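Atom set for the values below is all heavy atoms of this structure, side chains included, hydrogens, waters and symmetry mates excluded. Proteins get letters first, then strands, A, B, ... in listed order; numbering begins at 1 in each. As the structure lists them, so they are numbered: ligands from 1, and atoms in each ligand from 1.
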Amino acid sequence: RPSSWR
Amino acid sequence: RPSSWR
Amino acid sequence: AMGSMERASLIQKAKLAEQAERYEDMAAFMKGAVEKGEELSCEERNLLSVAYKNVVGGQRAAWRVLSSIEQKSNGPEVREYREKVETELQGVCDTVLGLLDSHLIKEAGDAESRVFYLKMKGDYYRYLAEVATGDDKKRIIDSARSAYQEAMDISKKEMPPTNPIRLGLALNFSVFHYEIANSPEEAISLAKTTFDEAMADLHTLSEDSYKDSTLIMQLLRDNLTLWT
Amino acid sequence: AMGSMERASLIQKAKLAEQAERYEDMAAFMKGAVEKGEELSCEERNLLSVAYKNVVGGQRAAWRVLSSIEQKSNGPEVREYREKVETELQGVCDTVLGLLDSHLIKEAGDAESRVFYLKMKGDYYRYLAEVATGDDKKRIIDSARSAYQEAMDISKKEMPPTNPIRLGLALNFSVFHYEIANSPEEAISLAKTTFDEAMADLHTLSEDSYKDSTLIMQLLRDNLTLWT
Ligand SMILES: *Cc1ccc(-n2cnc(C(F)(F)F)c2)cc1
Ligand SMILES: *Cc1ccc(-n2cnc(C(F)(F)F)c2)cc1
Ligand SMILES: [Ca+2]
Ligand SMILES: [Ca+2]
């Protein structure tokens, strides 16, 4: 659900 | 480029 | 590797793999199910086709990227890696064709099953033809043509013009004509005739069947718009 | 399997695999490059990270689909297949952690390399923690925390607050706090403090560096909007 580095 | 069945 | 799993468990896990978008697993499960030796149901045939179409579709897309880079180049690395992907694609095509030959096609007596498998045989010879360059290229092309042609003869005798398998077969055979056999006029004629005869048979269909048929019919239209 | 290929050829083919979106191949090439024993350049570290992040990202997405189906269920097939994907994911994480331990981290003396590898070690212990349920779960979580913490201590001493590696590290450590350690307030505090100190350092940056930093800074903002 939350954004990690992409 | 042309469409085959998908 | 799947010899110890129940047929029903292989089918169940193929469906799970599809939901997880794990198409390599899906194909391996369905290969194991085929190798149990029983004929495949309609739903099971679709699972087999969906699995390998997605696997070889990713390989074809990668091969096309690498081939384009290779052409622009003309060290050995680009050729080597394109050859690696090419060999893996040919291996998957050979696996599918082996399942059809041993022994799906010879046991398929109903029109819906036999046309389905022969269309599949045409498709995977077509994929082999896309990468072929050697002494067997013309024979690969003719193997695709022969499988499509037998499927077409059966479908025209045994199936209504709106049948989705018949429509998808004609669509792919027309792509074969345009892309592989250097016969764009044959491709256009087949797509137009297929579309028009399906149009004239839509009045016989339920709402759901009408949706199924018009969906594939639009792909024929898309190609005709691209080609004309 | 890559011991016979030149280091430079492995790097070249990793880049080709990225263009072809063949991330399993990309990871195998980069694993072979690491195992040549030389330290990795900045670009080479990014290739390693991109390759395995995409491989394990697909595995995590599939594991989450199967785990959801398994929870709604509660035969053995759903559990068995989830366990299969889980085991394959753990294998990839163990492979990455093995490369970091043998011997990328111990040879990494510069801040940019050492922080990069320690962030990676935290990430792949975090991925192990996402699926852990046994007697080692707390130790897996603490291994992730320890790696992130060492990376954070170095980054705060040696790197400007806008450094993209520092920002991405803080982003992922905050996700660790929220998702793994059950510490949402720690997660929110870290994201806010990281964002604010980066904001105050943007004036020092070129146009291109400003673009790099604000891109990751938006991911911190996205999480704060999700969490508050
Ligand atoms: C080549 C091919 C494969 C499958 C179909 N098809 C099966 N069932 C449908 C539908 F859901 F009824 F539309 C389509 C058609 C062609
Ligand atoms: C975790 C992580 C990995 C890579 C980066 N990063 C490297 N280089 C850039 C950019 F192109 F400068 F933006 C970003 C950040 C975090
Ligand atoms: Ca039969
Ligand atoms: Ca060093």
Nearest 10° is fine: what angle sits at the Ca ion (ligand 3) between O from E107(C) and OE1 from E39(C)?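 It comes to 90°.
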Just checking, is any N or O donor in the side chain of [X] or [Y] under 3.5 Å from an acceptor N or O on the other one?
X: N172(C); Y: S4(B); value: no
X: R126(C); Y: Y148(C); value: yes
X: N163(C); Y: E112(C); value: yes

Note: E44(D)-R7(D) ion pair, threshold 4.0 Å (strictly below):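 Salt bridge between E44(D) and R7(D), a charged N being under 4.0 Å from a carboxylate O: yes.
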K119(D): numbered ligand 2 atoms lying under 4.0 Å from its heavy atoms: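 The list of qualifying atoms is 1 (C), 2 (C), 3 (C), 16 (C).
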Quick one: which ligand 2 atoms are inside 4.0 Å of a heavy atom on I165(D)?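 Matching atoms, with element in brackets: 4 (C), 5 (C), 6 (N), 7 (C), 15 (C).
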